[PDB]
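First comes the structure, then the notes that go with it.
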Amino acid sequence: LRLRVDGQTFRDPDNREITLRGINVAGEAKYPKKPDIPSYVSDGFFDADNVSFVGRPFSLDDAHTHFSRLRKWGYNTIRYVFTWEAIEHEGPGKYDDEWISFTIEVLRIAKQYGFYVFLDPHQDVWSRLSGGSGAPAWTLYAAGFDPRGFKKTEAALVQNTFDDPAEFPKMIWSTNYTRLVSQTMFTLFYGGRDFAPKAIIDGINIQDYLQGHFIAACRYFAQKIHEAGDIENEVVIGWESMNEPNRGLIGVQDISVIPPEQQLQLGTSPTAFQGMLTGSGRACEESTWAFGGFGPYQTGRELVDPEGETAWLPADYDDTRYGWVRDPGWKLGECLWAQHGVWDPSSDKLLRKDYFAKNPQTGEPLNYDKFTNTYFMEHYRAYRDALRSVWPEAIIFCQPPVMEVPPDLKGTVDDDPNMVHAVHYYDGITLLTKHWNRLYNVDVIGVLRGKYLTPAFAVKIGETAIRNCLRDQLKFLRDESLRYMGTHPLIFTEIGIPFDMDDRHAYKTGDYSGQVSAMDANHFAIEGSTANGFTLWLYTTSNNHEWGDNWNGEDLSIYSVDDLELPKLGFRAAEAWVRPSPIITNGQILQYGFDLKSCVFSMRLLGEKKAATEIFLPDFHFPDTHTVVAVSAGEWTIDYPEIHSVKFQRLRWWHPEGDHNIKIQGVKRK
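For reference, each letter of the sequence shown is one residue, going 4 to 570, 627 to 669, 675 to 734 in UniProt numbering.
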């Protein structure tokens, strides 16, 4: 077997600790292959019916060629991106065995390169019909509300629908989490017995139907891995929960106003009631909000007029498509929350301001921690046991909601010694402003958890203080992980920077200085966070300068078909994310890092009795003729191991037991 969990560390068969420097592969699994429907093409979007993700990311011939890149860049892990839509697209229980068979073929090509792969059931604002990716289309018809009218009802601002796809608002897809469809789907997914207790399919609640199929669609895809025989523990080490779990409306103390914890707006900003009227064809005046130095920004209101057409399936449209039972309680043509007594369609006025406020069964007041410790963990325990009904030795990458307190599983029955805490972190300023500010940055984590009062005691000035701020944020998350969940490993499964900074300034000049300072600062935070590894958010094989990641106007891929590789076109800040890093360490890593300015790699460890320390050294930064190695104890050699013709320089450092450290200096560049 490739890797085992042994507390806070991953260990190889000979007791050496493994460091997971990985990357997400790939952002192309978010949308189908035949027809190739990215975020900007509009024809054929709505007849999802039959899709064919057979092919995404890439055709199998290019697999061994594409995998070779990730070894050359020093990556040893891959977060394999796949959607629930890729498994159960035709309908409930209709699994794409052709997609399964083709995907099993992908893994061994990657296994030939000695990768570590954990599978990611990715999603963004629920479904691709809802302005993102993830869940299949029939899940929306199960809740029933046909995406045709979504345009100006403004439930999920879809990009495959706007008049001009090139004019899709930047970073507006993430706003859908606070809109009608995504607030409804996640609420029904994690707890339908609670807020919409009339949703009964197959005699069971919508909570049990949406979860039961996602739990089963992954379990059936996992049962093939048991029968494959050559990919369990030999390349596939386990699974992840679900990408960025959202609560929807579970815990909204007042649905008539924007909650103070909702810090993202932009586009139209409907409340739950303003989102309720709009999803029923009425009319609302909504404040519109935006972006630093661009967009609405304390805007001036805008009137939304769907004009008599709802964001719901009509009362008579044919459902009889894929099996089908509904209890007569669940209706069509009317608002779901309206029939449950949340609001009156005849008078257009709320019930009150606290339907989504307290506990379904006992009446305890809801918050985000209450949602994370109950309904999310309720969905997580079943997903954990379902994957272990097939493969009990499966490592489960537990991903709680983004930038929220992880569940308190330390000392409970869920203190799983084969679990991994997956944490997301994005520089909220640079990601949303698309500009690396070299002058200030905010301790976002410190503000969210209440370390300081308001974002005024927290902000730090100076690029050095900014670097230390990000590292102490990621370091704090590791201490929060070890406090609530126990002695378990942590993997920063998503972290990156937007490459389209300063109005495509790097694409116009080749000056990637902003992206270099952003990537080096983000990696500097990871290297000092005392974490167990990371996967940079997103390697796209079809990323270009025009469409970015070909998904929601984002441009986060480190690889581009229009940029040059490392030996007026730049290198896409490649010199910033091709870093020396530990691969496998003879003992516990005390501290390591890469100073990109001085081109100096240093690592301090606590040696164990014999078993080597294997470190990746980039060819660009560390040429063999000019690389200078210095050790505090022991001996070292430098080789060029070959893994299917793929070449990368590696240094092995044999040291005795005790406190030792190394300093590797390369070539400085401007």
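Beta carbons: idealized from backbone N, C-alpha and C, even for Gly.
Just to confirm my understanding: we take residue i, look at its own chain, exclude 5 residues before and 5 after, and list those with CB closer than 7 Å. What are they?
i	result
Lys97	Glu91
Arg474	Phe527, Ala528, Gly531 and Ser532
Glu108	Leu63
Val450	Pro458 and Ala461
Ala225	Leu390, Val393 and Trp394
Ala138	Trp87, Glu88, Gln126, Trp129 and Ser130
When you compare each of the options to residue i by their alpha carbons, which one comes out closest?
i	options	result
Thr467	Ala633, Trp540 and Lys656	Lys656
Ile679	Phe653, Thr689 and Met245	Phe653
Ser259	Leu681, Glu289 and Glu396	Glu289
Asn27	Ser55, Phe121 and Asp52	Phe121
residue 671	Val44, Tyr78, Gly77 and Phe85	The model contains no atoms for residue 671, which sits in the stretch where the chain goes from 669 to 675 directly.
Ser272	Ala318, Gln301 and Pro705	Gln301
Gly117	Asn79, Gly336, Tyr144 and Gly215	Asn79
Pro16	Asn236, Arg151, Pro38 and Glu101	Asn236
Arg285	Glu312, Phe294 and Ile642	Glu312
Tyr358	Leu442, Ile432 and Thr190	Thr190
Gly251	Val161, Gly215 and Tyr371	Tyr371
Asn645	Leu628, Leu664, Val659 and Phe660	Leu664
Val416	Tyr383, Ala694 and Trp333	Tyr383
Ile648	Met504, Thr22, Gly152 and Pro395	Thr22
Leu628	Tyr510, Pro420, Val54 and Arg19	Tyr510
Using C-beta distances below 6 Å, list every residue in its chain close to residue i, excluding the 5 sequence neighbours before and after it, in chain order.
i	result
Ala389	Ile218 and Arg222
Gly298	none
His690	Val731
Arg391	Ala397
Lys668	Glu721
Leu567	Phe630
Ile448	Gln476 and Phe479
residue 754	Here the chain comprises residues numbered 4 to 734, so residue 754 is not present and cannot be evaluated.
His724	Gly666, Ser696 and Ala697
If I follow the unbroken alpha helix (DSSP H) through residue i, where does it start and stop?
i	result
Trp340	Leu339 to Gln342
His92	Counting along the chain, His92 falls outside any alpha helix (DSSP H), and DSSP gives it neither H nor E.
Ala635	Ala633 to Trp636
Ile448	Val447 to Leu451
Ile258	Note, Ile258: premise wrong, no alpha helix (DSSP H); not H, not E.
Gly414	It is not in any alpha helix (DSSP H) - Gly414 carries neither H nor E in the DSSP assignment.
residue 617	Along the chain, the last residue before the gap is 570 and the first after it is 627, so residue 617 carries no coordinates.
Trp141	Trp141 to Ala146
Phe153	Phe153 to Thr156
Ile432	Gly431 to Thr436
Tell me where the beta strand (DSSP E) around residue i begins and ends.
i	result
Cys472	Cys472 -> not in any beta strand (DSSP E); alpha helix (DSSP H) instead, spanning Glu466 to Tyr487.
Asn725	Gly722 to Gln729
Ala694	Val692 to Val695
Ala425	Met422 to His427
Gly652	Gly646 to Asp654
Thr313	Element bounds for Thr313: n/a, residue is neither H nor E.
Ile26	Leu23 to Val28
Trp439	Run containing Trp439: none; DSSP gives neither H nor E here.
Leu665	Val659 to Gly666
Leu4	Looking at the DSSP string, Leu4 is not in any beta strand (DSSP E), and its letter there is neither H nor E.
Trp333	First-last for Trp333: undefined, no H or E at that position.
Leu715	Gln713 to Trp718
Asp703	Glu699 to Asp703
residue 598	You won't find residue 598 in this model, because the chain goes from 570 right to 627.
Does any residue of chain D bring its CB to less than 8 Å from the CB of residue i?
i	result
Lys154	Here chain D cannot be found, since the structure has a single protein chain.
Using 8 Å as the threshold, is the C-beta distance between residue i and residue j below it?
i	j	result
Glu634	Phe684	yes
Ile240	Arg82	no
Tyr487	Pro410	yes
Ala425	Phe400	yes
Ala159	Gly134	yes
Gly326	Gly94	yes
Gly10	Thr323	no
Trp439	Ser560	no
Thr543	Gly25	no
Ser42	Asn535	no
Residues in the same chain with beta-carbon distance under 8 Å from residue i, minus the five sequence neighbours each way, listed in chain order, please.
i	result
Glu367	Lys361 and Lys373
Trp346	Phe276, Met279, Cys338, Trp340, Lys352, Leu353 and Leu354
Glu310	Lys155, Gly284 and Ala286
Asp505	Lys437, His438 and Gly517
Next item on the list: Only counting runs of 4 or more residues, tell me where the alpha helix (DSSP H) segments fall wholly within the segment 160–241, in order along the chain.
Entry: As far as the segment 160–241 is concerned, its whole alpha helix (DSSP H) runs of at least 4 residues are 183–198 and 209–231.
Note to self: What ranges does the beta strand (DSSP E) occupy inside the segment 66–132, keeping only unbroken runs of at least 3 residues that lie completely in it?
What the structure shows: Fully enclosed beta strand (DSSP E) runs of no fewer than 3 residues occupy 80–86 and 119–125 of the segment 66–132, in order along the chain.
Next item on the list: Ignoring anything shorter than 4 residues or poking outside the segment 483–563, list the alpha helix (DSSP H) runs there in chain order.
Entry: List check, alpha helix (DSSP H) in window: 508–512 and 516–530.
Check: Which runs of the beta strand (DSSP E), 3 residues or longer, sit entirely within the segment 262–305?
Finding: Listed in chain order, they are 287–289.
Next item on the list: Jot down the residue ranges of each uninterrupted beta strand (DSSP E) in the segment 382–411, minimum 3 residues, whole runs only, in chain order.
Entry: If we require 3 residues or more, the beta strand (DSSP E) runs fully inside the segment 382–411 come out as 398–401.
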